[PDB]
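Below you'll find the structure, written out as structure tokens, and then a few comments.
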Amino acid sequence: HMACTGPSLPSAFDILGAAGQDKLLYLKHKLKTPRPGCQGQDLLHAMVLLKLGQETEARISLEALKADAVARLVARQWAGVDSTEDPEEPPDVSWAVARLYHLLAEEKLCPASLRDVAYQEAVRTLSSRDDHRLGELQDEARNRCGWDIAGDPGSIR
């Protein structure tokens, strides 16, 4: 039931190879230095490696996201890892897709429109399961893009 979908996990990957060969080297080299709390870059790092054909790193980078489960899944998803992990989607299945695009909107690779639609799918998944990071996402996807995805009337203290 695909009511309506925007971005995607691999979607960000298509935008990668749709950037430019060198564009990969650049970003990559730019990813070389991940940020404290970044789960969209480090991930893109592995997603950029492929663009080159050297996942040997993507595996490392991904493994450098013990926190992010979307990275450990992106290792066997793209890197083609030996699914060393288990057959189970992460909690940031889309969140990571929202955080990944959050950086893509910085390189003029994709419009925030995606970073949003993405956050939603993550705002609904966490809200649907009332995760412990739900509200955190409602404040994250906001502090990032800067909207009221949470679904607030805007006038909230």
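Residue names in the structure tokens use chain letters A, B, ... in the order shown, residue numbers from 1 in each chain, and ligand numbers from 1 in the order shown.
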
Problem - Backbone DSSP call of alpha helix (DSSP H) for stretch 19-128 of chain A, listed as JSON, numbers by chain - result: {"A": [21, 22, 23, 24, 25, 26, 27, 28, 29, 30, 31, 41, 42, 43, 44, 45, 46, 47, 48, 49, 50, 51, 52, 55, 56, 57, 58, 59, 60, 61, 62, 63, 69, 70, 71, 72, 73, 74, 75, 76, 77, 95, 96, 97, 98, 99, 100, 101, 102, 103, 104, 112, 113, 114, 115, 116, 117, 118, 119, 120, 121, 122, 123, 124, 125, 126, 127, 128]}

List as CSV every residue of stretch 46-97 of chain A that is in contact with stretch 16-40 of chain A, defined as an atom at most 9 Å from one of its atoms (using only C-alpha atoms), together with the nearest atom pair and the distance in Å rounded to one decimal, sorted by chain and then rising number.
```
residue,atom,partner,partner_atom,distance
A:46,CA,A:28,CA,8.6
A:47,CA,A:16,CA,7.8
A:48,CA,A:24,CA,5.9
A:49,CA,A:28,CA,7.4
A:51,CA,A:17,CA,6.0
A:52,CA,A:24,CA,7.4
A:61,CA,A:32,CA,8.9
A:65,CA,A:39,CA,7.2
A:67,CA,A:39,CA,8.5
A:68,CA,A:39,CA,6.3
A:70,CA,A:39,CA,8.5
A:71,CA,A:39,CA,8.0
A:95,CA,A:40,CA,8.9
A:96,CA,A:40,CA,5.7
A:97,CA,A:40,CA,7.1
```

Problem - Top pick for closest residue to residue A:79, considering A:42, A:139, A:121, A:55 and counting only C-alpha atoms - result: A:55

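Within 8 Å of residue A:118, once only C-alpha atoms are used and residues closer than 6 positions along the same chain are dropped, the contacting residues are residues 6, 7, 8, 94, 95, 97 and 98 of chain A.
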
Writer output for current selection, N, CA and C atoms, as a short mmCIF file (atom, residue, chain, number, x, y, z; two decimals), in the first residue's frame:
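Wrote selection-v8.cif, looks like this:
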```
data_model
loop_
_atom_site.label_atom_id
_atom_site.label_comp_id
_atom_site.auth_asym_id
_atom_site.auth_seq_id
_atom_site.Cartn_x
_atom_site.Cartn_y
_atom_site.Cartn_z
N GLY A 6 7.95 9.55 -1.16
CA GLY A 6 8.82 10.56 -1.74
C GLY A 6 10.24 10.02 -1.91
N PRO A 7 11.08 10.29 -0.87
CA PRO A 7 12.47 9.84 -0.90
C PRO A 7 12.56 8.34 -0.63
N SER A 8 13.78 7.89 -0.37
CA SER A 8 14.01 6.48 -0.09
C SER A 8 15.48 6.26 0.30
N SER A 94 14.00 4.80 7.95
CA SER A 94 13.73 5.98 7.15
C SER A 94 14.42 7.20 7.78
N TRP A 95 14.46 7.20 9.10
CA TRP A 95 15.08 8.29 9.83
C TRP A 95 16.43 8.59 9.17
N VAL A 97 17.28 7.95 6.38
CA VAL A 97 17.01 8.46 5.05
C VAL A 97 16.64 9.94 5.14
N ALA A 98 16.19 10.34 6.32
CA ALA A 98 15.81 11.72 6.55
C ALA A 98 17.04 12.53 6.94
#
```

Problem - Who sits within 10 Å of residue A:73, only C-alpha atoms, same chain under 4 positions skipped, as a list in words - result: residues 62, 63, 68, 69, 77, 78, 79, 80, 81, 83, 84, 85, 86, 87, 88, 89, 90 and 93 of chain A

Exercise for the section: Quick one: everything within 8 Å of residue A:123, counting only C-alpha atoms, minus sequence neighbours fewer than 5 positions away in the same chain. Send it as a list in words. Expected result: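 Everything that qualifies: residues 134, 137, 138, 149 and 150 of chain A.
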
Practice task
Write out as a ChimeraX atom specification which residues come within 9 Å of residue A:115 when counting only C-alpha atoms, dropping same-chain ones fewer than 6 positions away.
Solution key: /A:7,97-105,141,145

Exercise for the section: Provide the atom CA of residue A:82 to atom CA of residue A:43 distance in Å, to one decimal place. Expected result: 17.9 Å

Fill in the blank from the handout: Counting only C-alpha atoms, the residue among A:147, A:14, A:106, A:127 that lies closest to residue A:41 is A:106
